[PDB]
Amino acid sequence: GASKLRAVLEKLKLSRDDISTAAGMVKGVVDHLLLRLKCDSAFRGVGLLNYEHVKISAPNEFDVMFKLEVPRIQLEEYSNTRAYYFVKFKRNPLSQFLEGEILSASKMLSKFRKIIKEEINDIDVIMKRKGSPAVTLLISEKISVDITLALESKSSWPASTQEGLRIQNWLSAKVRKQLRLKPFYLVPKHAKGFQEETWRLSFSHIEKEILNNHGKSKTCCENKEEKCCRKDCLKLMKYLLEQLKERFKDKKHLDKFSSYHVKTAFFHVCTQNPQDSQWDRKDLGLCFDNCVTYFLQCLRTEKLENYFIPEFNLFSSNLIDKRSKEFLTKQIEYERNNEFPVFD
Ligand SMILES: Cc1nn(-c2nc3c(F)cc(F)cc3s2)c(O)c1C(c1ccccc1C(=O)O)c1c(C)nn(-c2nc3c(F)cc(F)cc3s2)c1O
Ligand SMILES: [Zn+2]
């Protein structure tokens, strides 16, 4: 059924051609928002990080990160979670959001939301409150934009990342060092009621960079000889999960699975298969099959290390229970045995 996979990819490309216009609407609203926000003393250095689509099958649902540099940050890991932190300061335009020594995600979300509500009120845009994403904008008839606030730190990545991003045999030890000199991000995100002043690490910019500059060869996919199917494999994996989540929206079994699980699984497969010749475009069928198989193996063993924080198990039974993983395992295996009927 490799041809059927290409059929899917054809459809997905069409949907992207016919959304350029929507992305224009989004850029205009977002540019407006950023100008107003930059006049607030708290948000003076607000900017775009890189739009993106968390759901490949939802072309009108956009996703945008507003970054804000926080100099001289000091992090305090929450409860050995490796991914969630309290934000302190070494020595402040954010001082108004302090709860004691801690930058309050609650308060900084409050103001972020207030200001956005103001500007939307002045513009045919409508808003709705969602911590990350913080708000959802309705633009025109059927365009949504989730906006995440993200603190930026130009300091060294936290200790939990020391053994992560194991790209050395694939993208190289040089690239790994360059990427770890880039900043990292913190999004407001409560941890399990719930600890309500934690911030979670975010490496979405690094994920973006790897996906778009993904070969061992620097010229991978820039000529006929070197076309690979890495990006097509990830698209197919995302579309598979999205179709299944839609199909079983009435069950609780697939609610905790997201595109981040699929994308994490994929990067692990890139690590296991570092040579570009292992991703020949002519081998799309077996390449996707081997991505599907890897994700399934993560499901059955309940092991999916965060690609950047290897001690963080995305498939822990504290996060997703065994029954849910077994259901998804059964459904994917059915799809794969039947040439993926869910695609149509
Ligand atoms: C990737 C993703 N996909 N997805 C869906 N996919 C589907 C789908 F496929 C079908 C469907 F119907 C519905 C959805 S929604 C989603 O919501 C996300 C969220 C996200 C998207 C947009 C705004 C905010 C969030 C957010 O919550 O932060 C997301 C992001 C971008 N990063 N991230 C993590 N990064 C780290 C990390 F760096 C370290 C660590 F230890 C843990 C984590 S977790 C995470 O969880
Ligand atoms: Zn390539």
# chains A, B, ... in the order shown; residues from 1 in each chain; ligands from 1
$ residues_around --residues "residue 148 in chain A" --least-positions-apart "3" --cutoff "7 Å" --atoms "only C-alpha atoms" --output "PyMOL selection string"
chain A and resi 64-66+132-134
$ residues_near_ligand --ligand "ligand 1" --cutoff "7 Å" --atoms "only C-alpha atoms and all ligand atoms" --output "compact mmCIF listing (two decimals) with N, CA, C and O atoms, in the first residue's frame"
# COMPACT_ATOMS: atom_id res chain seq x y z
N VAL A 54 -0.09 21.90 15.02
CA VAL A 54 0.03 20.70 15.84
C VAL A 54 -0.73 19.53 15.21
O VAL A 54 -0.34 18.37 15.37
N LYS A 55 -1.80 19.83 14.48
CA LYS A 55 -2.63 18.84 13.80
C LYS A 55 -2.46 19.00 12.29
O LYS A 55 -2.99 19.95 11.70
N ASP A 63 -0.74 27.68 15.56
CA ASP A 63 -0.06 27.59 16.83
C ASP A 63 1.18 28.48 16.80
O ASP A 63 2.02 28.35 15.90
N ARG A 82 12.59 16.62 36.29
CA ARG A 82 13.52 16.75 35.17
C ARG A 82 13.04 17.73 34.10
O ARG A 82 13.86 18.25 33.34
N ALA A 83 11.72 17.98 34.00
CA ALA A 83 11.19 18.89 32.99
C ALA A 83 10.51 20.14 33.53
O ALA A 83 10.34 21.10 32.76
N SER A 132 -0.48 26.55 29.07
CA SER A 132 0.08 26.57 27.71
C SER A 132 -0.70 25.60 26.82
O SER A 132 -0.61 24.38 27.03
N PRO A 133 -1.40 26.07 25.77
CA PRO A 133 -1.51 27.47 25.29
C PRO A 133 -2.25 28.36 26.26
O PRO A 133 -3.05 27.84 27.05
N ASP A 146 -3.75 29.37 18.68
CA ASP A 146 -3.29 29.18 20.05
C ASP A 146 -1.96 29.90 20.27
O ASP A 146 -1.02 29.75 19.48
N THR A 148 1.15 30.57 22.92
CA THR A 148 1.89 30.15 24.10
C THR A 148 2.88 31.25 24.47
O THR A 148 3.59 31.79 23.61
N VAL A 187 7.77 27.27 29.34
CA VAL A 187 6.38 27.63 29.13
C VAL A 187 5.65 27.41 30.44
O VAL A 187 5.97 26.46 31.17
N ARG A 200 7.70 24.58 32.24
CA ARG A 200 8.18 23.37 31.59
C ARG A 200 9.14 23.71 30.46
O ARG A 200 8.94 24.69 29.74
N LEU A 201 10.20 22.91 30.32
CA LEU A 201 11.16 23.14 29.25
C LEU A 201 10.50 22.94 27.89
O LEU A 201 9.57 22.14 27.73
N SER A 202 11.01 23.65 26.89
CA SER A 202 10.50 23.56 25.53
C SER A 202 11.69 23.67 24.60
O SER A 202 12.52 24.58 24.75
N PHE A 203 11.77 22.73 23.66
CA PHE A 203 12.84 22.67 22.67
C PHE A 203 12.26 22.65 21.26
O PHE A 203 12.93 22.21 20.33
N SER A 204 11.02 23.12 21.10
CA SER A 204 10.35 23.12 19.81
C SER A 204 11.16 23.79 18.71
O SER A 204 11.12 23.36 17.55
N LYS A 238 2.05 11.42 12.14
CA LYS A 238 1.12 12.38 12.74
C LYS A 238 -0.30 12.18 12.23
O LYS A 238 -1.26 12.19 13.01
N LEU A 241 -2.02 9.12 13.88
CA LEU A 241 -2.51 9.36 15.24
C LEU A 241 -3.73 10.27 15.21
O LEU A 241 -4.72 10.02 15.92
N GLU A 242 -3.69 11.31 14.37
CA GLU A 242 -4.79 12.27 14.35
C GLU A 242 -6.08 11.60 13.88
O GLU A 242 -7.15 11.83 14.45
N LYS A 245 -7.29 9.43 16.77
CA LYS A 245 -7.89 10.18 17.86
C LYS A 245 -9.27 10.67 17.47
O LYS A 245 -10.22 10.58 18.27
N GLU A 246 -9.42 11.16 16.24
CA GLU A 246 -10.74 11.55 15.76
C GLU A 246 -11.70 10.35 15.79
O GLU A 246 -12.79 10.43 16.36
N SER A 258 -0.47 12.51 21.89
CA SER A 258 -0.38 13.74 21.10
C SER A 258 0.71 13.61 20.05
O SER A 258 1.50 12.66 20.04
N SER A 259 0.77 14.61 19.16
CA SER A 259 1.82 14.65 18.15
C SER A 259 3.22 14.67 18.75
O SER A 259 4.19 14.33 18.06
N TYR A 260 3.35 15.08 20.02
CA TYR A 260 4.68 15.09 20.63
C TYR A 260 5.20 13.66 20.84
O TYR A 260 6.40 13.40 20.66
N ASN A 306 11.87 11.19 26.62
CA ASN A 306 11.96 12.51 26.02
C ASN A 306 13.28 12.65 25.29
O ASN A 306 14.33 12.28 25.82
N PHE A 308 15.11 15.10 24.56
CA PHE A 308 16.03 16.07 25.12
C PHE A 308 16.32 15.82 26.57
O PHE A 308 17.38 16.24 27.06
N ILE A 309 15.41 15.15 27.27
CA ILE A 309 15.51 14.88 28.70
C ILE A 309 15.33 13.38 28.88
O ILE A 309 14.20 12.91 29.12
N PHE A 312 13.07 11.56 31.45
CA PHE A 312 11.64 11.83 31.43
C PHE A 312 10.97 10.82 30.48
O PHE A 312 11.11 10.92 29.26
$ select_by_dssp --residues "range 8-94 of chain A" --states "alpha helix (DSSP H)" --output "count of residues only"
28
$ closest_atom_pairs --of "chain A" --to "ligand 2" --cutoff "10 Å" --atoms "only C-alpha atoms and all ligand atoms" --output "tab-separated table"
residue	atom	partner	partner_atom_place_in_ligand_line	distance
A:211	CA	ligand 2	1 (Zn)	9.1
A:212	CA	ligand 2	1 (Zn)	8.4
A:213	CA	ligand 2	1 (Zn)	7.8
A:214	CA	ligand 2	1 (Zn)	6.1
A:215	CA	ligand 2	1 (Zn)	5.3
A:216	CA	ligand 2	1 (Zn)	8.6
A:217	CA	ligand 2	1 (Zn)	8.3
A:218	CA	ligand 2	1 (Zn)	9.0
A:219	CA	ligand 2	1 (Zn)	7.9
A:220	CA	ligand 2	1 (Zn)	4.3
A:221	CA	ligand 2	1 (Zn)	4.1
A:222	CA	ligand 2	1 (Zn)	7.7
A:223	CA	ligand 2	1 (Zn)	9.5
A:226	CA	ligand 2	1 (Zn)	6.7
A:227	CA	ligand 2	1 (Zn)	5.4
A:228	CA	ligand 2	1 (Zn)	4.0
A:229	CA	ligand 2	1 (Zn)	6.3
A:230	CA	ligand 2	1 (Zn)	6.2
A:231	CA	ligand 2	1 (Zn)	7.4
A:232	CA	ligand 2	1 (Zn)	9.6
A:276	CA	ligand 2	1 (Zn)	7.1
A:277	CA	ligand 2	1 (Zn)	9.8
A:279	CA	ligand 2	1 (Zn)	7.8
A:280	CA	ligand 2	1 (Zn)	8.5
A:281	CA	ligand 2	1 (Zn)	8.6
$ write_last_selection --atoms "C-alpha atoms" --output "CSV table (one decimal), in the first residue's frame"
chain,number,residue,atom,x,y,z
A,211,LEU,CA,13.3,18.3,10.9
A,212,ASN,CA,14.2,20.9,8.3
A,213,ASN,CA,18.0,20.2,8.3
A,214,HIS,CA,17.7,16.4,8.8
A,215,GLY,CA,20.2,14.6,6.7
A,216,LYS,CA,23.7,13.3,7.4
A,217,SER,CA,24.5,15.0,4.1
A,218,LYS,CA,24.2,18.7,4.2
A,219,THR,CA,22.6,18.5,0.7
A,220,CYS,CA,20.1,15.8,1.6
A,221,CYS,CA,16.8,16.5,-0.3
A,222,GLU,CA,18.4,19.3,-2.3
A,223,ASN,CA,18.8,17.2,-5.5
A,226,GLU,CA,19.5,12.6,-2.3
A,227,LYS,CA,15.8,12.8,-1.9
A,228,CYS,CA,14.9,11.1,1.5
A,229,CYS,CA,11.6,10.3,3.1
A,230,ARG,CA,12.2,11.4,6.7
A,231,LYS,CA,9.8,14.3,6.7
A,232,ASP,CA,7.1,12.3,4.8
A,276,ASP,CA,20.6,9.0,4.5
A,277,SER,CA,20.6,5.8,2.5
A,279,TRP,CA,15.7,6.8,4.2
A,280,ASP,CA,15.7,6.5,0.4
A,281,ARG,CA,12.5,8.0,-1.0
$ atom_distance --atom1 "CA of residue 328 in chain A" --atom2 "CA of residue 315 in chain A"
12.4 Å
$ atom_distance --atom1 "CA of residue 69 in chain A" --atom2 "CA of residue 136 in chain A"
22.6 Å
$ atom_distance --atom1 "CA of residue 52 in chain A" --atom2 "CA of residue 116 in chain A"
19.7 Å
$ residues_around --residues "residue 243 in chain A" --least-positions-apart "5" --cutoff "9 Å" --atoms "only C-alpha atoms" --output "ChimeraX atom specification"
/A:57,238,248,342-343
$ write_last_selection --atoms "C-alpha atoms" --output "PDB file, in the first residue's frame"
ATOM      1  CA  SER A  57      -5.198  17.467   9.405  1.00  0.00           C
ATOM      2  CA  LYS A 238       1.121  12.375  12.743  1.00  0.00           C
ATOM      3  CA  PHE A 248     -12.214   7.235  18.832  1.00  0.00           C
ATOM      4  CA  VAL A 342      -8.197   5.054   8.416  1.00  0.00           C
ATOM      5  CA  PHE A 343      -6.269   7.149   5.897  1.00  0.00           C
TER       6      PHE A 343
END
$ residues_around --residues "residue 336 in chain A" --least-positions-apart "5" --cutoff "12 Å" --atoms "only C-alpha atoms" --output "VMD selection string"
chain A and resid 1 to 2 5 237 240 285 to 286 288 to 293 296 329 to 331 341 to 343
$ closest_residue --among "A:104, A:278, A:15, A:144" --to "residue 131 in chain A" --atoms "only C-alpha atoms"
A:104
$ select_by_dssp --residues "range 122-263 of chain A" --states "strand (DSSP E or B)" --output "PyMOL selection string"
chain A and resi 126-129+135-139+143-153+184-188+191+195+199-202+228
$ residues_around --residues "residue 298 in chain A" --least-positions-apart "4" --cutoff "12 Å" --atoms "only C-alpha atoms" --output "NGL selection string"
:A and (261-262 or 264-266 or 268-269 or 291-294 or 302-306 or 313-316 or 322 or 325-326 or 328-329)
$ write_last_selection --atoms "C-alpha atoms" --output "PDB file, in the first residue's frame"
ATOM      1  CA  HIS A 261       4.726  11.315  21.303  1.00  0.00           C
ATOM      2  CA  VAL A 262       4.831  10.581  17.564  1.00  0.00           C
ATOM      3  CA  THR A 264       9.613  12.000  19.881  1.00  0.00           C
ATOM      4  CA  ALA A 265       9.330   8.406  18.574  1.00  0.00           C
ATOM      5  CA  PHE A 266      10.396   9.642  15.140  1.00  0.00           C
ATOM      6  CA  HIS A 268      14.560   8.214  18.149  1.00  0.00           C
ATOM      7  CA  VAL A 269      14.201   6.404  14.822  1.00  0.00           C
ATOM      8  CA  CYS A 291       8.512   4.108  12.158  1.00  0.00           C
ATOM      9  CA  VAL A 292       5.141   2.545  12.975  1.00  0.00           C
ATOM     10  CA  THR A 293       6.900  -0.494  14.404  1.00  0.00           C
ATOM     11  CA  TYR A 294       9.184   1.628  16.598  1.00  0.00           C
ATOM     12  CA  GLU A 302       5.818   1.693  28.048  1.00  0.00           C
ATOM     13  CA  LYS A 303       9.131   3.429  27.311  1.00  0.00           C
ATOM     14  CA  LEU A 304       9.352   6.667  25.306  1.00  0.00           C
ATOM     15  CA  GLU A 305      12.218   8.804  26.570  1.00  0.00           C
ATOM     16  CA  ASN A 306      11.955  12.511  26.022  1.00  0.00           C
ATOM     17  CA  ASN A 313       9.509   8.856  30.297  1.00  0.00           C
ATOM     18  CA  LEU A 314       6.585  10.131  28.212  1.00  0.00           C
ATOM     19  CA  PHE A 315       5.016   6.648  28.338  1.00  0.00           C
ATOM     20  CA  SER A 316       5.210   6.284  32.135  1.00  0.00           C
ATOM     21  CA  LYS A 322      -1.326   0.504  30.299  1.00  0.00           C
ATOM     22  CA  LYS A 325      -1.389   2.092  25.281  1.00  0.00           C
ATOM     23  CA  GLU A 326      -2.759  -1.408  24.603  1.00  0.00           C
ATOM     24  CA  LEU A 328      -3.680   2.291  20.630  1.00  0.00           C
ATOM     25  CA  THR A 329      -1.372  -0.668  19.991  1.00  0.00           C
TER      26      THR A 329
END
